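We begin with a single chain expressed as structure tokens, specifically the form deposited in one PDB entry.
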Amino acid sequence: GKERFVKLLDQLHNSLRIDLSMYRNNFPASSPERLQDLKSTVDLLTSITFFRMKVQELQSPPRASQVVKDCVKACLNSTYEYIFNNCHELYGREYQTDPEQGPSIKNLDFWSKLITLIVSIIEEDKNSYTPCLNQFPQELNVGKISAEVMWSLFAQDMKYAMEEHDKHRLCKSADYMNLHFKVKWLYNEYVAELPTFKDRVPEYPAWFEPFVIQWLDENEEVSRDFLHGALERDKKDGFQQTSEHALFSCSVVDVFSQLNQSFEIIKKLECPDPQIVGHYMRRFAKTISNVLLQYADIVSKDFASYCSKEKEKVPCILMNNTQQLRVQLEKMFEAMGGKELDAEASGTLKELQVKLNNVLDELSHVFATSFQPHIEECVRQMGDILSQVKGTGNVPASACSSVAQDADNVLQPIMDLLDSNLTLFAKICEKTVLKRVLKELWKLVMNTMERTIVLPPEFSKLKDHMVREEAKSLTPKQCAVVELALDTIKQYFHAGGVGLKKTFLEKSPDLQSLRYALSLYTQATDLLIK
């Protein structure tokens, strides 16, 4: 009786389920009349379900929104199987231009085509079928289900496929790189904002992690080969400063223009896994180091070759270049996250900022020592003039030379250095660089003077062992001329305020070593009670 009726409904409910489990094939989006029949088919199913929820007062858990939902998922699983098995013909028929068959290990084309066909499905379920099945908007969004199912099926195939390529690597890294990019767009466009995924971090970046580390390895080798040819193009050019305001040559902007391009690649992927992005940054910090350290190692190898009077601007530029590495690195360090950057990556660059700074010191030391022969010749030449200083006002001569005049005559040999160069340096030197070069020339002058004009007394066998002889005192005038000459040298390094701060010159231990040396010869005018 009524048992013949319940079996009748089950068979009809079942028959409609079968029809909806292939809705895409049974109700093509091409036909508006057929999409209406789909709408009608879902209407008839809800009415049956609704009737059973009421009259069949027994519990009827088959809520209509879930039955349709599960029918849609079935069709999607079928759809994915169809496009997966006909990826080539479907793509070439529509998304074509000029001209095994599924997943290949020699090639990735199949996957870029599949992603295109997947989007076509999702877009179709969004534009065509979601407006059609508007019976339960709060619980049935075909387009959102399409994105979820199609991604999930695609994801588990892609996962396995990349595990296979990881153990083979028969394709260009550029191909794995472009695929990672196309997958990103797919995920962020259709999946990222879904409830199932709008929470935890995706897993797709891990599929490609080994392939970018390979691209980063290959990328570092391309950066080395670019560095070398970037300096030779600048060496043959003569290290011309790029502009009157730019104190560095063209090879510096070339190296950092590339290193940024390479970094930009890793950013277009918008890797959403912080553990993985930290891994990429860790590796690229190693590239930045080896590259920049190579830049620094190339100049040190050739820096002395440029230390001479002929080209004295060029050695100054190479120091400006080395300093420029220190600052544009910092600008790069910030681009990579600053303090947000991975610790190991941040430590690789700060440890590089140090080694780079130590190179600048070694370079300035080599540049100051490039003058040591000329300085020693200037200091023995001013020591001879000091020895010719003597009081002459004994007789009404009037033509006697004052202490002030004599100090100028003593400094004049070394003045050809200050005016001709220390006005050329500050003209073509980074502030930081100039400060380093002068601090080095300063040391060399105070050192040379402490060895030349002082003429420290020698050892000789006195009685039964070696004793140092008494110092030959300078005459009172000579004392006054030395001290004034020395104070003048200090002022010229101060250069009002352009050079070294008076606080450092006074505390300089090379000045204290010279002042103590003089004190042996300055007994005539030194005060007992200061």
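If you superpose the two forms and keep the largest set of C-alpha atoms that fall within 1.5 Å, you have the rigid core. Quick note: we count residues from 1 along the sequence shown, nothing fancier.
There is also a form solved in complex with a partner chain; it is not shown, and the following applies to it.
- Considering its partner chain in the bound PDB entry, the lone stretch of 488-496, 26-34, 65-73, 51-59 in range is 488-496 [heavy atom distance within 4.5 Å].
- Although the partner is absent here, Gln96 is not a contact residue: none of its heavy atoms lies within 4.5 angstroms of its partner chain in the bound PDB entry.
- Proximity of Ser460 to its partner chain in the bound PDB entry falls outside the 4.5 Å heavy atom cutoff.
- At the 4.5 Å threshold, heavy atoms of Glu232 stay clear of its partner chain in the bound PDB entry, well away from it.
- Although the partner is absent here, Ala155 lies well away from its partner chain in the bound PDB entry, with no heavy atom inside 4.5 Å.
- This chain appears without its partner; in the bound PDB entry, the one residue of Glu344, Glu189, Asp419, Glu123 with a heavy atom within 4.5 Å of its partner chain is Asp419.
- Of the residues given (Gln101, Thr423, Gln240, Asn178), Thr423 alone sits with a heavy atom within 4.5 Å of its partner chain in the bound PDB entry.
- With the rigid core aligned between the shown form and the other one, only one of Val201, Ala397, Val327, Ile105 has a CA shift of 2 Å or more: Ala397.
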